[PDB]
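Reading through the structure tokens given below for one structure.
Values below: every heavy atom of this structure, side chains too, minus hydrogens, waters and symmetry copies. Every chain is numbered from 1, with letters handed out A, B, ... down the list of sequences.
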Amino acid sequence: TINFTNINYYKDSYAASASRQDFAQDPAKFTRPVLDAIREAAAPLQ
Amino acid sequence: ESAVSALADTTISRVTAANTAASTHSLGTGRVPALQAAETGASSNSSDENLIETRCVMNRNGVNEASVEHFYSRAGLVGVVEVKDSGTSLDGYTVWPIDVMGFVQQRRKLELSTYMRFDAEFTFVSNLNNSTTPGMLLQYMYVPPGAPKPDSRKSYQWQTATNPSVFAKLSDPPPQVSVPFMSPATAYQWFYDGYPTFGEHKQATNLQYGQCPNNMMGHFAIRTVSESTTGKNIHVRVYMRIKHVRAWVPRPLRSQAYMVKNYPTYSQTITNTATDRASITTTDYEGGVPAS
Amino acid sequence: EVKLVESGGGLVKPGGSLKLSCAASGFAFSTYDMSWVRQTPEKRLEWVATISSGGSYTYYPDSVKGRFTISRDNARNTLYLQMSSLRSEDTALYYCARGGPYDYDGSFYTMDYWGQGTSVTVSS
Amino acid sequence: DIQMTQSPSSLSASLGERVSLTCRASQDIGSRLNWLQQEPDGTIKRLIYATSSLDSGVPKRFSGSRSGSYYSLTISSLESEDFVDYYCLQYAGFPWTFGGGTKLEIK
Amino acid sequence: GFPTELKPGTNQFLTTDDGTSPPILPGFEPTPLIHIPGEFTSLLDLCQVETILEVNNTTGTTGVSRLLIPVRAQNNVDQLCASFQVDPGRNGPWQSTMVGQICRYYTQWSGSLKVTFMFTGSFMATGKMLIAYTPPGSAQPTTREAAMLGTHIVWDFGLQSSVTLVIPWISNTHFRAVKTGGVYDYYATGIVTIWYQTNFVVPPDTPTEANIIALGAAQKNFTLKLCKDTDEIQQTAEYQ
Amino acid sequence: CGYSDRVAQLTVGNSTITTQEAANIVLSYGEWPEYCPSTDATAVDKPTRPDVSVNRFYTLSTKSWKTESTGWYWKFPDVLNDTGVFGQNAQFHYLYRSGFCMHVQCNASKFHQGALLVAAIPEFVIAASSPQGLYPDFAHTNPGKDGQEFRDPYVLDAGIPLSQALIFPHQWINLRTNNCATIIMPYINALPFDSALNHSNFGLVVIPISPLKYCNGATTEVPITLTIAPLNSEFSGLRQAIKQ
Ligand SMILES: CCCCCCCCCCCCCCCCCC(=O)O
């Protein structure tokens, strides 16, 4: 196709469509929020 | 001619899920990729390739619809204002406070986050009691905090010299309008653990616990542009689509049934998050016939 | 061995009071929820009271609620049942047994070790 | 109140037979039905708990099961010290109710 | 002026159309954006967080006693401790988990699961358990010899008090529907049963009964699609 | 190298905390407490930074763990608002900003069993259970040093299920593996500074999931002690001392 989309027709930047071109993932701040990094192969408490 | 390169990238590119690597058997000591310590507070680092012998899968499943943009950018009912002009309410106007926490579907999705910062799109679907849409003219005025609020269908505040107003008919496509982020703070707050004002909060009714004026964004004033009673009641439905979302501090989803807007009050008959079995051993699955 | 010894029976006149202790021995009395049980002369058991392992929680059936009170002394390993205005419908053999709905690790010792059985008699 | 009904108020048998005593519930109680045994002197002991678990120290002749709403206690081979009394106790609702006795006799 | 022709879909309010509406406040510059810790951009990042499974959801069990799998010293051998199904969006233990509530906002799921078990007993209590995942097709295993035939781990209690059972992704299709029951048992995931490999042995003057905490989560290859509404909470009147 | 040592020493200010059976240290949301950068500041007054006087460990409460114990919760700035030079810089100033390092202490014998859930909930709004009567009292919202015993820990007294509280920065005190929980939490708010008297940033929650069981002859009294320490504490807007 030609993809004539995501055009803004107003002077205020918040009138634009949704921001859907950035799918960032970073779960480590909820899944491993610890000070000491624990390798998978190692016994954690030693 | 540098926008032709920008217009080509205006599509949702697929980001695939994680792949699986082939694994073999492991017979040795000191390598325990399955023993964890949940007291640490971290989730298990154990992967599939270390618990069973796995194959090589090149996973092509997309993960885009799980974004907070796609999860939230979807319109939903946030208000129902009824402009009464019949019977014992010959008003012709209503002033409705802007609270998006009056309907369970939008409320439970928003209360997944502690702080949200977003622009919005507000659509108004207005009609009569019998789904009909005559050519009655309506004014949808927005009254920010501090602005004077109307007191009749023919009062000076409807001059909307500075307030944003939308004039439309019931016989037209639903009015739609883009609203920016309008809070003194840097993010909205569905959970405020505190009080708005200083003082000894020793009242019988502690009606002010949790009320943050950073979310109080004013009133919506809706009138029929008339000179007398029209005798017809008009229902207006407000749908809020969230755009440019940023969310912080995830929270548990609501388990109990809501009771009141602006408060997390629940009932003394506490319900269970999970349904009930007959025993800790009973499962509901009658599979095939065993060969033995 | 778990041993519960109830004591305090007697012939109390109608509309009176009576206290029934229960000496516990052989187990950690501060970790188990206790409860009292009745046995109508018609050989029909009935629940009368229950108390948490610390003494904060109590539950009484509607037939008993308001009159009887169930206490707990953990330092002395004793369990009490303070009765109030009585009637002939309360003349029965009372038992002290383990069990209570105020323990997250319960459902195992629910009515596992009963006592010997006191005897109250409300008449004139 | 969850009324629990023991079917036989009395059952005669002879040493070696196989008896069974049922006790139905008025509402769903799950696996929270126990069984007791009152001796002639007046001592109560718990035989089966959770409808399928035998107390530590009870003979293997006792077996509890559930078939729908009916909770049954089966004595496979009756010995001499098994002819006294049996009660069913439910602890799923808050008003914990008991049955009505299943005094077994000899013939 | 410029000739145009309207097409079907005119004047429609599609509640999921990413469009452009007029701005009600020209020249509006909002409050600056400061750094708030804890920003999450994906729901899959929340699905990989372990949350407590409500395995003891039997009738009469109230409160926090529903988050506890009772474990006990056994008189017999090779006995069953607890069972549950590994369908995330089914009425059962997975309703208490974050992956089980995010799943109900979507129609289809894919990827591996993860049920971490934690033994909250005495230091002097030892034991070994066989936790087995039975792929679809078979009912709940009636014996341990039957469950042994599936994906299973043997778990020895000790210093490290937790173990991870990775429910692997064994599926006919690339995705499974969150709905289950009836014809939709075509998308059944399986059954996880916990057996006693050995006994639960304790020295004298030590409690003979303990608990196991189950923590369910999703692995790195988890995905969701076809965003939908949830059957969790209901409403009969506006909250006012 | 890739493990977590069990011995730990936490020294801030003039206080030192030792533990020989620690699990790890939770760094909430991966971020350390920091001062307010000039790019994200709004007030023009110069802030006060009492480094060693304020940022230190305060042992504030000890609760008796029992079999029939529901739990306890404290609100962070409220728990320290009448104590030390923190409870004086927070009464003389209108604006406040600080992180903390929560340390919970519960030790028992190897013949005891039980597990606690120690979590730090941002914006922990306590609800009321209705049959006033619909809003919680001030004793249940800001309970101070002597915290508040939970009424319905299954719902965290907030309508949210306890099973999913692990989405918050958390740790376990499992009496067979560890005897302390440590959570470092940065300042989390939609505003650079805020009042330490009218707003509680975080809620500190300690809930027993597997009750405390022991045998006859063991020590029946097992206490839980809460030690807290502000980190990177700033204060602005000096005025007369106010205690609300
Ligand atoms: C021209 C007329 C247009 C009407 C514009 C009004 C809509 C204003 C948007 C305000 C909503 C922002 C977020 C909602 C915050 C409310 C939360 C709460 O009160 O608990």
Measure the [atom1]-[atom2] distance between [X] and [Y] for me, rounded to the nearest 0.5 Å.
X       : Y       : atom1 : atom2 : value
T16(E)  : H70(B)  : OG1   : NE2   : 11.0 Å
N59(B)  : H174(E) : CG    : NE2   : 8.5 Å
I153(E) : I52(B)  : CD1   : CD1   : 12.0 Å
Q105(B) : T230(E) : CD    : OG1   : 8.0 Å
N221(E) : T16(B)  : CG    : OG1   : 11.5 Å
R251(B) : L46(E)  : CZ    : CG    : 13.0 Å

Are [X] and [Y] close enough that some pair of their side-chain heavy atoms sits under 4.5 Å apart?
X       : Y       : value
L112(B) : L43(E)  : yes
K114(E) : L51(B)  : no
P252(B) : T51(E)  : no
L33(E)  : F181(B) : no

Parallel, tilted or perpendicular: rings of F71(B) and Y106(E) (30°, 60°):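 If you compare the ring of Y106(E) with that of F71(B), the planes turn out parallel.
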Check: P32(E) main-chain N/O paired with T186(B) side-chain donor or acceptor under 3.5 Å: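 Confirmed, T186(B) side chain pairs with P32(E) backbone.
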N/O donor-acceptor pair under 3.5 Å between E39(E) side chain and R246(B) backbone: no
Would you name the heavy atoms of [X] and [Y] that are closest together and state the gap between them?
X       : Y       : value
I24(E)  : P164(B) : O-CG, 3.5 Å
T281(B) : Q140(E) : O-OE1, 2.7 Å
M98(E)  : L253(B) : CE-CG, 3.7 Å
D276(B) : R66(E)  : OD1-NH2, 2.6 Å
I280(B) : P70(E)  : CD1-CD, 3.8 Å
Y285(B) : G137(E) : OH-N, 3.2 Å

Derivation of the side-chain contact (heavy atoms from CB on, under 4.5 Å) call for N272(B) and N57(E): CA-CA 8 Å; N272(B) 304 125; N57(E) 46 326; over 6 Å; no
side-chain contact (heavy atoms from CB on, under 4.5 Å) between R277(B) and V55(E), intermediate numbers included: CA-CA 10 Å; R277(B) 320 149 72 166; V55(E) 187; 4.0 Å; yes
Polar side chain donor-acceptor pair, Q235(E) to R107(B), under 3.5 angstrom: no
side-chain contact (heavy atoms from CB on, under 4.5 Å) between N262(B) and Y239(E), intermediate numbers included: CA-CA 9 Å; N262(B) 305 127; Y239(E) 304 134; over 6 Å; no
CA sep, side-chain torsions, deciding dist, call: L25(E), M182(B), side-chain contact (heavy atoms from CB on, under 4.5 Å): CA-CA 10 Å; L25(E) 294 171; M182(B) 298 187 312; 4.0 Å; yes
